Structure formats: C-alpha cells, structure tokens
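*Asks:*
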Amino acid sequence: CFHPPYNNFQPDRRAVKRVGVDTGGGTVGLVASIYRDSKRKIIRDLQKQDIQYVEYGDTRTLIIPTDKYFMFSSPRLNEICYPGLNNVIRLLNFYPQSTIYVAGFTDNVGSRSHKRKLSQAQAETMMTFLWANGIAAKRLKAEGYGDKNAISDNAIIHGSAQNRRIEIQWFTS
Amino acid sequence: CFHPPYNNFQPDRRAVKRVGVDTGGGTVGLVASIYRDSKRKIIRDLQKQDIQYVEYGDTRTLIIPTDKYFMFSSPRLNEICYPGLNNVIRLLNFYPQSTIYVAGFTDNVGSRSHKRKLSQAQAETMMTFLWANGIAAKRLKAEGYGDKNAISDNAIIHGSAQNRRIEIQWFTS
Amino acid sequence: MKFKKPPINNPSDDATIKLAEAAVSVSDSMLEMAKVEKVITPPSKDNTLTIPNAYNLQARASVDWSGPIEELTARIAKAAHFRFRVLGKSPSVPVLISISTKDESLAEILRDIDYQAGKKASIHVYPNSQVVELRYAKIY
Amino acid sequence: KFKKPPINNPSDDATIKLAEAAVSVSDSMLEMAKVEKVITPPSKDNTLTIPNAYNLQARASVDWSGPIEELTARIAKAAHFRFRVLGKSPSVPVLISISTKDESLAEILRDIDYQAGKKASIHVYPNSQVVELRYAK
Amino acid sequence: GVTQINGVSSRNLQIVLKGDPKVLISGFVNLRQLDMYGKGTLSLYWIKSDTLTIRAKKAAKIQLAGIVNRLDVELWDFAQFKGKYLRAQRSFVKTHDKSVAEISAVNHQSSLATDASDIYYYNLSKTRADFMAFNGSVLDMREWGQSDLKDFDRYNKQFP
Amino acid sequence: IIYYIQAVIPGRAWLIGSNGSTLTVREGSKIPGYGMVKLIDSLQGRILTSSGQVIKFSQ
Amino acid sequence: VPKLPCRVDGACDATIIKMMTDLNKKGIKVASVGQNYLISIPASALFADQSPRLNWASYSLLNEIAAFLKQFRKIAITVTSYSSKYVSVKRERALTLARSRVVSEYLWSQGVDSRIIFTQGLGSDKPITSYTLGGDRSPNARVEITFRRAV
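In order, the protein sequences belong to chains A, B, C, D, E, F and G. Heads up: the first sequence begins at 1 in the numbering used here, then just goes up one per residue. Heads up: the second sequence begins at 1001 in the numbering used here, then just goes up one per residue. Heads up: the third sequence begins at 2001 in the numbering used here, then just goes up one per residue. Heads up: the fourth sequence begins at 3001 in the numbering used here, then just goes up one per residue. Heads up: the fifth sequence begins at 4001 in the numbering used here, then just goes up one per residue. Heads up: the sixth sequence begins at 5001 in the numbering used here, then just goes up one per residue. Heads up: the seventh sequence begins at 6001 in the numbering used here, then just goes up one per residue.
1) Roughly how many angstroms separate the alpha carbons of B/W1131 and B/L1140, rounded to a whole number?
2) Can you tell me which of the three DSSP states B/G1020 falls into?
3) Can you find a C-beta in chain A that's less than 8 angstroms from the C-beta of G/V6008?
4) Identify whether E/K4082 lies in helix, strand or coil by the three-state DSSP scheme.
5) Do we get a CB-CB distance below 8 angstroms when we pair E/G4027 with the residues of chain F?
6) Rank A/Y53, A/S111, A/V16, A/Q97 by C-alpha distance to the C-alpha of A/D147 and give the top, closest one.
7) Please tell me whether B/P1075 has its Cβ less than 8 angstroms away from any Cβ of chain E.
8) DSSP on D/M3032, reduced to helix/strand/coil?
9) Whole-angstrom Cβ separation of residue 176 of chain A and A/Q52, contact assumed at under 8 angstroms?
10) What number of angstroms, rounded off, separates the C-alpha of C/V2063 from the C-alpha of C/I2109?
11) Within the continuous beta strand (DSSP E) that includes A/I151, where are the two ends?
12) Please say whether A/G134 and A/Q122 have beta carbons closer to each other than 8 angstroms?
13) Quick one: which chain C residues come within Cβ less than 7 angstroms of G/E6105?
14) Mind checking the segment 2042-2076 of chain C against chain G and listing, in chain order, the residues whose C-beta falls within less than 7 angstroms of any C-beta there?
15) Any beta carbon from chain G within less than 8 angstroms of C/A2079's own beta carbon?
16) CB G/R6091 to CB E/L4139, shorter than 8 angstroms?
17) Could you tell me whether any Cβ in chain E is nearer than 8 angstroms to the Cβ of F/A5007?
18) Please state if the CB of G/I6117 and the CB of residue 6182 of chain G are separated by a distance shorter than 8 angstroms.
19) Cβ closer than 8 angstroms: which chain B residues qualify as neighbours of C/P2006?
20) Tell me, to the nearest whole angstrom, how far the beta carbon of G/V6008 is from that of G/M6020; I am working on the premise that it is less than 8 angstroms.
21) Where do the N-terminal and C-terminal ends of the beta strand (DSSP E) with A/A103 fall, by residue?
22) Give a yes or no on contact between the segment 2065-2083 of chain C and the segment 6063-6070 of chain G, applying the rule of three or more CB pairs nearer than 8 angstroms.
23) Hey, how far is the Cα of C/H2124 from the Cα of D/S3097?
24) For a contact meaning CB atoms closer than 7 angstroms, what does B/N1008 contact in chain E?
25) Can you have a look at G/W6108 and say buried or exposed, based on whether 16 or more other CB atoms are within 10 angstroms of its CB?
26) Which residues mark the beginning and the end of the beta strand (DSSP E) in which B/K1141 is found?
27) Helix, strand or coil, according to DSSP, for A/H158 in the structure here?
28) Taking Cβ to Cβ, would you say C/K2038 is nearer than 8 angstroms to D/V3035?
29) Are E/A4060 and E/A4088 touching if we call contact CB-CB under 8 angstroms?
30) Should A/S173 be flagged as near chain G, meaning a C-beta pair shorter than 8 angstroms?
31) Scan the segment 1068-1098 of chain B for residues whose Cβ lies nearer than 7 angstroms to a Cβ of chain J and list them as they occur along the chain.
32) Can you list the residues of chain E that B/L1118 reaches, using a CB-CB cut of under 9 angstroms?
33) By the 10 Å Cβ neighbour count, where 16 or more other Cβ atoms means buried, how is E/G4007 classified, buried or exposed?
34) Could you check what DSSP says for E/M4036 in three-state terms: helix, strand or coil?
35) Please compile the residues from chain B whose C-beta is within a distance smaller than 7 angstroms of the C-beta of C/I2099.
36) Any C-beta of chain C within less than 7 angstroms: which residues of the segment 3101-3133 of chain D qualify?
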C-alpha cells in the first residue's frame, strides 16, 4: 500500500493497485494506468493543488507557495501537504539528465539579514528533500534571495502574499 | 489576385478576373472590361474618391487633399487610401511622353521654415511613389511652396482646409 | 457631371471653431516673442556637452507624462540600465514637467527634460560610470 | 485584412487647425528653453569628484539635518581617515540635510560638498589618509 | 586583366566593360555613365561629377568615393555597389533580387528594394523615402556609439 | 581662415577651405592654420590636429 | 452608487479569460507570473523573411492584441525584438530595432492607455532554445511584449 509520510522514500507500486481493482478488466486497468501516469494529468494535479508550472523554450519552472508548504516562519516542512510533494517527485522523474536550481524568496517585512537567512534555510530544506528522493548531489544547487527581484507589489496585501515563494528551474541539456 | 499594399508594384491582371466570372459570357466580360478600363470611368472613380481633375488646353492637373492621403503632420503616406493611388497610376499610364511637375502646399499656421520643409518632404514622398511605379527619373520634378499662392481664404475654416493640397501638372508634348 | 471640391471632412463643432481661432492668435504671438528674444540674446552653449550619448542610450521610447520629474527620470534610467543619483534637496513646491512625444531616443528625452527643467534642476550623464544624475538648484 | 485608423485622429477641419497650433506652440517653448538655459562645461565644473580609495566604498545609512562639521567628522571616522578643519566657523552655522538608506561614503561626501555651496569645501587626500573641510573667507 | 592606373585628370570619361577585368584608377574624373555585365571589379579614388547612371547586371563590384550631385543606381542580380564614401545630394536607387547597395545620401534619398535584396545607408539625409516589395530590406547599419550622433526629426521619420 | 572636409577614405583625405582651395592630406603632413595631422578616422568623419582641435563634415 | 463608476470601463473578467484562451490556442504565448505579464509572438506570423515589412493579414492579430491590452491599467510597456543569426551582428541589431519600432507605433496608434512604451532590439544575443536550424521559422526569433499590471 502507501505509507503517508513519504512512503519511506520508496517508489510506490501505484499501477498494480489499479490493475487489481479492475481485474478484481485488464485492458480497462491498463488504460486507466496509462492515463494517470502521463505527464498532462500530473500537470493538472499540480494545477489542482496550489503549485504553478511554466514552460517556455527548453527551460521549465515550478512556483511553490510557502504559505501552504511550510509551517509559519520556520524551515520545517508541512506534512499535511505530502500529495503535492509526491507529485513533484513524479514530475521531476521525467528529466534524468538536467541540472536543478532552487531559489527562495520572501517579502519585504523585517531586517535584511533575517530575510536572507530565512530564504537560505528554506531553499536548503527543499533541496535536501529533493536529494533524499534519489537525485544525485552533482545535479543540484540552492540559493536564497531576499526581497531582491519581486514579481508583485509589496505595498498591497494580496501581491505581498504572492511574493513569498520557492522557484525551481531546470534545463534540458 | 490583388495584394492590397500596392500589389508589390506589379501591374495587376485585372481584366482576366472579370472575364473569368463572366465565362464562369465572353462577350459580356469583354464589354464590362472595355467599359471599366476606359478613361471616363477612371475619371469618375477619382471623382468618387476625393481627388479633383481639371483639363484645360493641353495641360492637365490633379488636386489631392493631404487630409485624406497623408497621416497627420508627417511625410508618411496613408495606407488605407490605396485605391485612389492605384487609380492615379492607372490614369497616368495613358501619357507616356510628358513631363510631370508635383508641387506641395500648406496653410498659414506655423513658422515659415517649418511650412517650407514640410511641403518639400510631402512633395518628395509623392514623387518617389510615382517613380517607384515605373516612371523614369528624367520625367519628374518636385517643388514645395509654402503659403505662397493660395486658392482660398486663410481666415476661415473650410477655405483653410481647402488650401492644404498637392498639385500635379503635366503637358502633352 | 457632378461638381465637387476635394476636402470633405466630418462635421465641425462651433466650440472647436472658437478654440481654433483663439489658438492661432496665441501661436503667432508666441512666434514674434521667440523671434525677438532669440535676436536679443543669442545662445552659445548646448547641453550635448553635459549629456553625451552612449550605447544603450539608443533604445527608443514614446512618452505621455504630466507629473514631477524624479519618477520619470528614474524610469528612464532603469530602462537604460544606469544607476540613478539625486543631489540637493527637493523643493517644497514640486518641479512639474509635461512631455508628449513619439519615438525618439532616450538621450533626446533626457535633453528635453533638461530643457524644460529650466532654472530649477539639471541632468548630467556619466557614461564611463553609467550614471544618470539629477541635481536641484540652490534657491529658496 | 483590416487596417484601422488611429482612434483619436484629427478628422475635422477645426480639430486639425487646433492640433497644428498646439504643435507650433510647443516648438516655440523648446526654442525659448534653449535660449534661456545657462550651462557649465564639464571641464570646469566645481564639484568634488569620486576619490576612489578602497575604504570609501563601504555602504552606509544616514539620517541627519544639522551642522556640517559633526557629520563630516563621523564620515571621516567611519572611513578610518583623519579629519581636519581650516578656517573659521561663522556665527550662523552651515546646515545640510542628508537622508539616505544605502549609499557609499564617497558620494555622501560629494553631496556634502554640493550642499555646502560657496561657504565651505571638502578635500580628500588618499595617500596621507585625511579629509579636510576648508571654510570660505 | 588587372589594371593599375595612378593619376587621371579628365573632364569627361565613359567606361564600358564586357569581360572580367580588375581595374583600379586614381585621380580626378568627371564620369557620366557606367554599364557592367561581367565579373568586373573597379575602384576610383576621387570623382567630382554631376550626374551618374549605373546599370549593373550579372556580378560586378564597384567602389567609388567623392562628390556627386545626382545619382541613379540599378542593380539586377548578384551585384554589389560599394557606394559608401560617395556623398551624393540626390539618390534614386532600385535593387532587384539578391543585390547589395551602400548609400551615403546627404539631402534627398529615394529607394526601392524588391525581393530579397538589401539597401544599407550610412548617413541621415534630410528627406528619406523607402519602399519594400517582397522580401527586400533597407537597414540603418550605423554605429550607435559615436559621441555626436543626431536623431530623427519630424521630417525624416519614416517607418520601414 | 577655416577649413572643411569633402570626402574621407582610409589613408588620405580631401578638403576644402573657405576660399575654395582644394587640398589632399596624408596621414602625416602639414596644413596651414591647424598644424600636424595624427589621426584620420574612416567610420567617423573627424580628423584631429596638433593644435588639439578636430576638423569634421559640413552642416 | 448610481453616479460613481462601478468598475474600470470597458473591462470584464470573462472577456479577459476568453481572449487569453483564444490567443493561447492560436499560438501566441500568454503567460502570467505574479502580476507581470508576457506576450510572445513568433516572427513568422508578423513579418516577411527578415524584412521590417508586415504582411497585410497580420494587422488583425495586432488588433486582437491591442484589444487585449486595453483591458488592463498600466504605466509602462516594453517591446523587445530578437532574431536569428544571418550575416553580422549589426544587420540583425538594425533589423530588430526596426521591427520593434514599427510594432510599437501601431500599438500606440491604437488606443492603449500607457504612459511609456520602451522599444529595444537585442539581435540574436539571447536565445531561448539550442535548436538553431530554422531561419525565420526558428522558435527563437520573436517579439516579446512585457508589462506590469498597476494596482
């Protein structure tokens, strides 16, 4: 079956469950499996949760809100939102040659050293979670920027909520 | 068919379209063609647009309003009014021996050097458009007058609108 | 043989007629004074010495602005990838400009801002350090 | 297939005259400003240049509105320079105002010199590590 | 046959070439007409003329410099006109397929490029008028870094 | 008397004066009123002289 | 309430979603991250083969984009053009500058209510794809219009 905290970092044998409830037809179980392990349904599942995906050229980017995937003002990872993290591992499993950059961003409230240190901690936590699921250490790099290059306006409430985020970029070659 | 920006400065094969919609009668297509390529219907089409034609002796003159054939206060040519320009080329195709004079005129508002320079620019633009449609360089001359010799009164609104114009004169021999 | 005269425009409003007649007289009064003043005191120097051009000062812009000077100068400098610097104290009565142009280079935009600033502020450009500098006048 | 006209085009023989008058007035404004403006050449501009020593590139954050000597002495002390004064302080002191969040000290010194005007000057010697505030007689 | 003439001072000259010559002439020439039909190359240092008419046909290379009151240029295919450093007052230039022109008009410039041909100017004339037909192109190709470049006016500003 | 230029090639230049007198100048030669020539620029119409001034195109 | 305005005029959320969906199916890329917006257009749908001359039919697409841009409120727009490598660096720097000048002029002619439009052309300096086999058919010859929605 499935162990809810990260399945002991083992790949879950997901397809056999569908082909067991459908043989308990084999062809219908194979069609349901080959639909849900495809890339577009995984992309739609990240769309169903609060994670944004942007593809432009051969550069791909994931945008993750710290509001739902971290506990408040800490580098601890929020354990109720494990389906999103498992879907991130499943999507990242499709590109086994590229290099990964993870970058952390906060808003403008507080002191500068505080913002930089919190960003660095959160980026390292997400990089460590990526490394512990099988990805080799030579493919990864984490960086924490402060309020360096924002994407919304910090003088309003919703845009300031949209500014606190984690960026994941990766190439193809 | 027809390319709307100036047909790549090619002569449009106009008659075959009429004889194709009438053979798709041949005699009726020839009568419609020999009516619409005649001089009087072309003169009536320039009358239908806002271009005036005056014939007196063996000197012929075209009067063109800059209000509809140029963009505002610039030497750029207004591309929505291309049927009138194509009809000008079609009418000017009938006199292949004469020499051409094009003269530009503005109204009285502004400074003198400004009026002269704008007139010179507009006359050169219309001369270049004539030269690019096949007419040889030894047959053309452009001149820009300011508010030199007006044809209406500049103290009233409609006459001042009538004073801004391009004059095209040509001979027979 | 219908007779017609070429300029046939849209109908006009008599309010616009009255404004046009006032504006023409304003314009030629303006012409005579500028002619007299140019004759009396001929200028000798040009702000090309203080604002030379450079590469990536040749990107182009079209602008419609009716406010204070600092934010516009900051936007132009940020588009030109230059640092922005302010010298002196801003006055209490603000320095207002009004620019309405179309498709001219940033060096000319900066020169027009410099010309309209008048006796109140000045623009300097240092291309070797990539700096746009605005300085206020020591008045009040 | 379609070219549309400009949306606010002067398509009216009164509006056209109004717009031409509006063009010529602004041309005359540009002419007047060009005659009226006085400039200085960049060769003989009397403002302190950036003294580009290593110690004067440190970033700072200043809020001050008061006499010039105390603020310049603190700037000198922060740059590990020495500081000396040549002249006589007037009865009414020279008042400046600096309000910045992240800017270097060499340029703070440049602003101090610009705001001081004709009454005082700032000189930087980067071999014998000293700055000097010189009054006007 | 290559040709190297150093010093010509004539008040009239007419040159037509038919084969594959490689000629270069120095001096002062009031040239009037030029027609090229081969793989000819030609260069002149100074010309102080009054009216030039150039017709180039197959693959010809021309390199002129000097003062010209009126210039007319026709390039047909695979022809290159290196008219940079030739400062002309009036220019009429027409280019057909896969031909290259370098123009230096001063007062008045009139140009047409029809299909996959190129016109490059190198000076900002007081009045400019350019037309494009199929895939031809007229480009600015100036420096961008000179300290005293001058921008367009109300009267120069045409949009290609 | 002041001098202008007419046409510039890499290596030599052709000049006109106020009086209508033509002149041809090398990379290094002597002209009266300016002095000694040390740079002929081809991409930019400017020639520096020994007296620190530059000769350029007409306007 | 009956005399104050109740919304910004001529703008509707359904119209924004409809036009964004239609543009993405047509092939023009519309993306939004935070409040920044990007419209990316392939150069083949606008220009001829590396000449700054528009086709006559692409003005409908520019009209559609202008109708999209009138839905927002904004301060500055940037238009930047990029091309592919043909002859030298100068020829495509001139080409991209001319292309951006023409496109921003037609957009300014239509009624986009912006205060500044900046235009630049970068040549073939910043490619978004390592596959450089096409000419103007290449995916990395494009024009990009970027802005920030203001309040």
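Cβ coordinates follow ideal geometry from the N, Cα and C atoms, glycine included.
*Replies:* Looking at the atomic coordinates:
1) Within the second sequence, residue 1131 of chain B is the residue found at index 131, counting from 1. Within the second sequence, residue 1140 of chain B is the residue found at index 140, counting from 1. B/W1131 and B/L1140: Cα-Cα distance of roughly 8 angstroms.
2) Translated into the one-based positions of the second sequence, residue 1020 of chain B becomes position 20. The answer is helix: DSSP assigns B/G1020 an H, G or I state.
3) Here residue 6008 of chain G is taken as the residue at index 8 of the seventh sequence, counted from 1. Chain A contact via Cβ: absent.
4) Counted from its first residue, the fifth sequence places residue 4082 of chain E at position 82. Shown here, E/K4082 sits in a strand according to DSSP, grouped into three states.
5) One-based indexing of the fifth sequence puts residue 4027 of chain E at position 27. It does not; no Cβ of chain F falls within 8 angstroms.
6) Here residue 147 of chain A corresponds to residue number 147 of the first sequence, with the count starting at 1. Nearest to A/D147 by alpha-carbon distance, out of A/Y53, A/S111, A/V16, A/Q97, is A/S111.
7) Your numbering for residue 1075 of chain B matches position 75 in the second sequence. Yes, because at least one Cβ of chain E sits closer than 8 angstroms to the Cβ of B/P1075.
8) Here the question's residue 3032 of chain D lines up with position 32 in the fourth sequence. Assigned with DSSP and collapsed to three states, D/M3032 falls in helix.
9) No information on residue 176 of chain A is available, as it lies outside the stretch 1 to 173 that chain A covers here.
10) Reading the third sequence from its first residue, position 63 is the one you call residue 2063 of chain C. Reading the third sequence from its first residue, position 109 is the one you call residue 2109 of chain C. Looking at the two C-alpha atoms, the distance is approximately 9 angstroms.
11) Start at 1 with the first residue of the first sequence, and residue 151 of chain A comes out as number 151. Secondary structure note for A/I151: it is in no beta strand (DSSP E), with a DSSP letter that is neither H nor E.
12) The residue given as residue 122 of chain A occupies position 122 in the first sequence. The residue given as residue 134 of chain A occupies position 134 in the first sequence. Cβ atoms of A/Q122 and A/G134: not closer than 8 angstroms.
13) As a working note, residue 6105 of chain G is residue 105 in the seventh sequence. In chain order: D2103.
14) Residues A2059, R2060, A2061, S2062, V2063, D2064, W2065, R2075.
15) To locate residue 2079 of chain C, count along the third sequence from 1; it is residue 79. It does: the Cβ of C/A2079 has a partner Cβ on chain G nearer than 8 angstroms.
16) For the purposes of this step, residue 6091 of chain G is identified with residue 91 of the seventh sequence, where counting begins at 1. For the purposes of this step, residue 4139 of chain E is identified with residue 139 of the fifth sequence, where counting begins at 1. A Cβ-Cβ contact shorter than 8 angstroms links G/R6091 with E/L4139.
17) Mapped onto the sixth sequence, residue 5007 of chain F falls at position 7. Among the CB atoms of chain E, one or more fall inside 8 angstroms of the CB of F/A5007.
18) Not covered by the structure: residue 6182 of chain G. The range shown for chain G is 6001 to 6151.
19) What you label residue 2006 of chain C is simply residue 6 of the third sequence in a count that begins at 1. Within 8 angstroms Cβ-Cβ: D1050, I1051, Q1052, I1063, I1064, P1065, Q1162, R1165.
20) The residue given as residue 6008 of chain G occupies position 8 in the seventh sequence. The residue given as residue 6020 of chain G occupies position 20 in the seventh sequence. Not a contact, Cβ separation roughly 17 angstroms.
21) As a working mapping, residue 103 of chain A is identified with position 103 in the first sequence. Run containing A/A103: 100-105, per the beta strand (DSSP E) assignment.
22) The segment 2065-2083 of chain C makes no contact with the segment 6063-6070 of chain G: fewer than 3 CB pairs, one atom from each, lie closer than 8 angstroms.
23) Within the third sequence, numbered from 1, the residue matching residue 2124 of chain C stands at position 124. Within the fourth sequence, numbered from 1, the residue matching residue 3097 of chain D stands at position 97. Cα to Cα, C/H2124 sits roughly 22 angstroms from D/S3097.
24) Stepping through the second sequence from its first residue, residue 1008 of chain B is reached at position 8. By Cβ distance, chain E contributes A4133, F4134.
25) Taking the first residue of the seventh sequence as 1, we reach residue 6108 of chain G at position 108. Residue burial annotation: G/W6108 is buried, with at least 16 other C-beta atoms found within 10 angstroms of its C-beta.
26) On the second sequence, position 141 is the one that residue 1141 of chain B refers to. For B/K1141, the enclosing beta strand (DSSP E) starts and ends at 1140-1144.
27) Counting from 1 along the first sequence, the entry for residue 158 of chain A is found at position 158. In this structure, A/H158 counts as helix in the three-state DSSP scheme.
28) Against the third sequence, residue 2038 of chain C aligns to sequence position 38. Against the fourth sequence, residue 3035 of chain D aligns to sequence position 35. Yes, the Cβ-Cβ distance between C/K2038 and D/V3035 is below 8 angstroms.
29) Within the fifth sequence, numbered from 1, the residue matching residue 4060 of chain E stands at position 60. Within the fifth sequence, numbered from 1, the residue matching residue 4088 of chain E stands at position 88. No, the pair does not count as a contact, with Cβ atoms beyond the cut-off.
30) As a working mapping, residue 173 of chain A is identified with position 173 in the first sequence. Interface residue, yes.
31) Annotation note: the requested chain J is absent from the structure, which comprises protein chains A, B, C, D, E, F and G.
32) Against the second sequence, residue 1118 of chain B aligns to sequence position 118. Within 9 angstroms Cβ-Cβ: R4154, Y4155.
33) Residue numbering aside, residue 4007 of chain E sits at position 7 when the fifth sequence is read from its first letter. With fewer than 16 other Cβ atoms within 10 Å, it is exposed.
34) Residue numbering aside, residue 4036 of chain E sits at position 36 when the fifth sequence is read from its first letter. In the structure shown, E/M4036 sits in a strand (DSSP, three-state: E or B).
35) For this step, residue 2099 of chain C is matched to residue 99 along the third sequence. Per Cβ cutoff of 7 angstroms: no residues; C/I2099 is ~18 angstroms from chain B at best.
36) Hits within the stretch, in order: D3111, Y3114, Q3115, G3117.
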